[PDB]
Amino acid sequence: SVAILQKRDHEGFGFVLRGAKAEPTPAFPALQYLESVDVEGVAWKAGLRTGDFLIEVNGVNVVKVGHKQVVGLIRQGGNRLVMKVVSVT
C-alpha cells in the first residue's frame, strides 16, 4: 500500500516508527513498523495505520534496515515522504 506524505515545516508526519536497531518463518514483512499513528495527522491522512510495516521509504527498500538508518532516510526528504507499507492486520 502507498502513502505520499507532504507536511508543513513544523509539524510531524504524525507517526511513531518502531523496530529493531541496526545493532524460521517470517513473522514481520519488515524490520520497522508504525507503533502508532496520530489520529488525523499527515500520516493518518495518507491511510497509514498502527501496525503498518515499512517496505519502502522514498523509493528505497528498508525491509532489513535497522531503526536509526530508516529514521535517517525518512528525514532526508524533509517535509516530503513516500512510503510503501504492508499491513499485517
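For every residue, the number given is its place in the sequence shown, counted from 1.
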Exercise for the section: Determine, among the other compared PDB entries that model residues flanking residue 22, whether at least a third leave it unmodelled. Expected result: yes
Problem - Chain break class at residue 9/residue 10 - deposited residues not modelled - result: none
Exercise for the section: Return whichever of 64-72 and 77-85 has the greater mean Cα B factor according to the PDB record. Expected result: 77-85
Practice task
Return whichever of 49-57 and 36-44 has the greater mean Cα B factor according to the PDB record.
Solution key: 36-44
Problem - Assigned third (lowest, middle, highest) for the C-alpha B factor of residue 20 - result: middle
